[PDB]
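One structure is given here, and the rest of the page talks about it.
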Ligand SMILES: Nc1ncnc2c1ncn2[C@@H]1O[C@H](COP(=O)(O)OP(=O)(O)NP(=O)(O)O)[C@@H](O)[C@H]1O
Ligand SMILES: [Mg+2]
């Protein structure tokens, strides 16, 4: 209908920028008119007249969606063509760390060098867009999600504004998506207000445009899942690892389904979903009475569903706050206050999480329930002979399929329950097509597939790196193939990492002058893509299985040396991608292969908690005594001490592990006399003079003796038979 | 007659959560009341006093310096420090209610809690080994309290009920509380006396009322109490611990009770809830409400 | 209902390694109090060892064993009469070890000569040092007065066996010899008389 044309135009209003850099509206209209499906009047008028000057001279019908697109572009925004895309982290924490100059080259990292996008690259993007629009993409109510995915895949690193005076953090994709969301919200609001003539109250009086900016027409709606971390670890060891890989992903996919259901009830696309983090989903909705009724009905339905399925184990609380165009444009400094109000309402919803009838139904149990499942420990639901609940069995069955296949299907029949009387399952492309054909209105989520072309498919980033699955034999072995080492101690390293002060970074990392929906959405997208896609890129050849990777939390089990090395590499790549600014603290633990997964997870979590304690950006390696900085562990231990010791031990034909263990005993004795005995041992050792002096100096001083002990332990672990 | 009962635990205690491996610092009022009922059954004391005139409070940490109360669920204007914060000393309770406590003070209070150290003992069963089998490992969580720290609870009741409580607690010192009792856990010594500080604190009138025990209102008073209420519906459940209930161990009916520290603008008198179905005797789940008034 | 308190000491005649890490260090550290770090004897270990020894003596499915050490069988739910608390490193022994500056636990180096390659695999097992005394506290529950004499005779037999059979650890290789000293036997709860009752 008209809304579909408006969304297509708003998402493509600045498509003229790409062809112009290879104006923003005069050429975009011609480019879209080149393609017949996009030649619709609603789309081309929206593209051509989204600028104020063109709208002034536009010969419209006073009810065209062009005015809505123009005002949406004005709200979203509120001249070197070769200017690159500046990284969001340039302004993030600019008050403390500083204002960097990192820019994206034409997943990619900001490089900090002076790069200019050549017109040849823009022309290549132009022909890519032409090929996708002319043949692959199409105009349809169900095909707009494909358009959004295509825009995300192409314009993710194209500057929204070529103007070099203002910052270029917001990409073209982010700006277009925010403009589409704002246009959809404003269209719904005007339809609710029976605004037959758009021009009268939108464009023709400038003062009335300002009033519409001051008019409360949008809704910042945050829905948060509570009980996530408990639910993931509410397991018994029997298949804990599988459940650990599944439940988190489950609580991911279910969450996505949630927002889609909401976006299905409001007839809005994924563009209105501002950003989804770990269990949180922030969306921009219209302020229509229908929108609020839909929000209330959705909240009631989802509370009922979660009470029916997970009882009090899991819950979803959704709170909304009305806002004006000024709030989204950060004028008067109310944007941060707007999100504060939204989160305050969310917390108030969390406090009174259940109603009277729901509590009474909770306490009005009929029977004891006799047998109970091992994981969920619930007897109300029917329990199978294997002592596994239906949801628990579905999660366990999902684990392997989600690890192997790539197409999640929200089908009427499937593996694990999902909100609107559907079940999530994991199949391949053919299975997804069959599920679509057998049952209509079945959602398909493609894992790590930026490819556009499937109309009923939404991309869903999820890190599923598992080195054991590369070979069928190693997949059958499981984590036991990681300790299959001909050299080195057979052990499993468990890494659990969390970003330090990420909540504060989203709250107050961005300065007031740079606060906007677009920039925060860009930051959320980059963080999610780093911890879903780039995390998988970093761990490429390592013997590591990523059990889960949320918005900030990461938990992966692999080979101990591989886990430590990839933790260091991940820290380096996080520094590169965040350009300083954000840091993360981790805990690394070494366990036997047959050590229980729950015990490894708990001990590694304790190590990570200790690493967070006091100074952040720290890794707690092995014992609690060995909490070290990232640079300290990477260079001051492995490079400074471990590698020279390895060189000496491999080169010396009269030395071996016995000398290393004697050194270790002397260093760990801590009797103030063993320094002299270590000197005597080194003197008789016939080692390198420089290395001997270095070892003696490290031993004589604290904060370096412990590092030398760590290096020796790492070396002797490495050179095990 | 309000009586503060302090418990110093000679041995580490389980106080397990839904998992045997899981260990909790404290126990709710229902667990302690079930222990008291079991003791009364053993000591052949009448249960009418406990069921009617006895109102107890969730066991709470106390250190060498201060006694700790659960964090009231009130609106606060560094929220993470408050969220991680769980227990507030008695003197700081009024300040927290007024809102004078800030994020740094909240973190300092959370660090001030020196209740004890939580560990996970690893044990085995050799029962199968004799029968041509293999040892079965398991884990028992435990919480070793620091020597000056322990768990205290306030009990309000009639003088006869207070004396019966004294006898029951004297027997429970050797019976023990929590999980894996009679297997090396739960042994404690209790001292019961009148507490001036708590007698003064309880004798307060405030706009808000804070639950000091895991409680749940009756269906008639829930409609009145639930309005404008910030609470935490904690799931209380488990298996029946008795010899005469059934030939085999049977789970109690699942119960959901307002956690300690939940704030209700209108008080409700809790009820002893029967969570026993198709059993030879009744299983009492203590949901009687111990209230502390405060101004916010 | 009567409760009989049995407080005494467990004297480590030979290094006790209950057990339950870093390279070139103790791979089997004894259980310790998580705060005080003092080695302790879990009440589970004492209860299980006594139950196994008494089961061998009686022969567990025996009614005496089930009543003494608890039973959860279908139709047979019996509260354990013997509540054996964890034995803690006694303060007197702690002072004796602080004098002369002796560690509470010794690191015993052992190895493993194989039958195939004759190579030795080394282990460093921690053992509570010989001469250490653990304060053990046990509570007996008088469910039936008529059964008290038989139950205490069974406890005496179990204690005699445990004085002859090692406590938890590799006791067949010497680690875990203990001796029981019964300091007192009192009836903390009830009117029962324990003067005639003797554990040893
Ligand atoms: N699916 C997931 N897998 C792993 N970690 C997750 C997942 N979802 C969220 N998280 C992380 O878990 C933390 C918060 O989870 P959660 O348990 O939902 O706390 P919460 O949102 O405050 N709800 P609650 O704790 O009950 O008040 C954050 O660090 C998230 O990044
Ligand atoms: Mg976090």
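Protein chains in written order, with the authors' numbering: chain A, 1 to 22, 31 to 86, 105 to 132, 138 to 752; chain G, 5 to 81, 89 to 307; chain D, 2 to 21, 26 to 64, 74 to 214. Where is the CB? At the ideal position from N, CA and C, for every residue including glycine.
Cutoff 8 Å: residue 158 of chain A Cβ touching any chain D Cβ: no
For the segment 451-465 of chain A, which residues have a CB atom closer than 9 Å to at least one CB atom of chain D, in sequence order? none
Looking at residue 154 of chain A and residue 300 of chain A, is the spacing between their C-beta atoms short of 8 Å? No.
Cutoff 8 Å: residue 190 of chain G Cβ touching any chain D Cβ: No, residue 190 of chain G does not count as interfacial toward chain D.
Just the chain G side, please: which residues come within less than 8 Å of residue 88 of chain D by C-beta, in chain order? 258, 259
Let me confirm a value: residue 56 of chain D is counted as buried when at least 16 other C-beta atoms fall within 10 Å, else exposed. Which label applies? buried
Measuring alpha carbon to alpha carbon, tell me which residue in A:132, A:138, A:118 is nearest residue 126 of chain A. Ranking the options by Cα distance to residue 126 of chain A, first place goes to A:118.
Count the other C-beta atoms from every protein chain shown that fall within 10 angstroms of the C-beta of residue 25 of chain D, then say buried if there are 16 or more, exposed otherwise. Coordinates for residue 25 of chain D are absent, as chain D skips straight from 21 to 26.
Cβ closer than 8 Å: which chain G residues qualify as neighbours of residue 79 of chain D? In chain order: nothing, as chain G lies at least about 11 Å away.
Among the candidates A:296, A:51, A:328, A:465, whose CA atom is the shortest distance from the CA of residue 76 of chain A? A:51
Is any heavy atom in ligand 1 found nearer than 7 Å to the beta carbon of residue 75 of chain G? no
Mind checking the segment 253-285 of chain G against chain A and listing, in chain order, the residues whose C-beta falls within less than 8 Å of any C-beta there? Listed by position, the residues of the segment 253-285 of chain G near chain A (Cβ gap below 8 Å) are 261, 262, 263, 264, 265, 266, 267, 284.
What do you get for residue 148 of chain G, buried or exposed, if any count of 16 or more other CB atoms within 10 angstroms of its CB means buried? Exposed, because fewer than 16 other Cβ atoms sit within 10 Å of the Cβ of residue 148 of chain G.
What is the residue span of the alpha helix (DSSP H) that residue 81 of chain D lies within? Boundaries of the alpha helix (DSSP H) harbouring residue 81 of chain D: 77-83, taken from the DSSP string.
Cutting at 7 Å between CB atoms, please list the residues of its own chain near residue 30 of chain A, excluding the five before and the five after it. Missing from the coordinates: residue 30 of chain A, inside the break in chain A from 22 to 31.
Neighbour flag for residue 28 of chain D against chain A, beta carbons, 8 Å: Under the 8 Å criterion on CB atoms, residue 28 of chain D is classed as interfacial with respect to chain A.
Chain A residues whose Cβ lies nearer than 7 Å to that of residue 108 of chain G: None at all; the shortest Cβ gap to chain A is about 16 Å.
What three-state label does DSSP hand residue 45 of chain A in the structure shown? Reduced to three states, the DSSP call for residue 45 of chain A is helix.
DSSP puts residue 151 of chain D in a beta bridge; with which residues? DSSP, once it has assigned bridges, lists D:8 as partnering residue 151 of chain D.
For the segment 227-280 of chain A, list the alpha helix (DSSP H) runs that are entirely contained and at least 4 residues long, ordered along the chain. 229-233, 237-245, 259-264
Counting pairs of beta carbons, one from the segment 660-674 of chain A and one from the segment 587-594 of chain A, are three or more of them closer than 8 Å? no
Close beta carbons around residue 291 of chain G, own chain, < 8 Å, minus the five adjacent residues each side: 255, 256, 257
In angstroms, rounded to a whole number, what distance separates the CA positions of residue 167 of chain A and residue 42 of chain A? 15 Å
In chain order, what residues of the segment 33-52 of chain D put their CB closer than 7 Å to some CB of chain G? 36, 38, 39, 40, 47, 48, 49, 52
Looking at chain G, is there any beta carbon in it that lies within less than 8 Å of the beta carbon of residue 641 of chain A? With respect to chain G, the C-beta atom of residue 641 of chain A has no partner C-beta closer than 8 Å.
Give every residue of the same chain whose Cβ lies closer than 7 Å to the Cβ of residue 330 of chain A, excluding the five residues on either side of it in the sequence, and list them in chain order. 349
Chain G residues whose Cβ lies nearer than 9 Å to that of residue 92 of chain D: 254
Excluding the 5 residues flanking residue 85 of chain D on each side, which residues of the same chain have their C-beta closer than 6 Å to its C-beta? 92
Mind listing the chain D neighbours of residue 738 of chain A? Cutoff is C-beta to C-beta under 8 Å, in chain order. Proximity of chain D to residue 738 of chain A at the Cβ level (cut-off 8 Å) is not reached, the minimal Cβ distance being about 15 Å.
For residue 565 of chain A, count the other beta carbons within 10 Å of its own beta carbon; 16 or more makes it buried, fewer makes it exposed. Which is it? buried
So, for residue 47 of chain D: in the same chain, excluding its five sequence neighbours on each side, which residues have a beta-carbon less than 7 Å away from its beta-carbon? 19, 36, 100
Put residue 71 of chain G into one of helix, strand or coil per three-state DSSP. Note: residue 71 of chain G maps to strand in three-state DSSP.
In angstroms with no decimal places, state the Cα-to-Cα distance between residue 134 of chain A and residue 541 of chain A. Missing from the coordinates is residue 134 of chain A; the shown part of chain A jumps over it, going from 132 to 138.
What three-state label does DSSP hand residue 216 of chain A in the structure shown? helix
Give me, in chain order, the residues of the same chain whose beta-carbon lies closer than 7 Å to that of residue 48 of chain A; leave out the 5 immediate sequence neighbours on both sides. 5, 170
Beta-carbon within less than 6 Å of residue 629 of chain A's beta-carbon, same chain only, minus the 5 sequence neighbours each way: which residues are those? 268, 271
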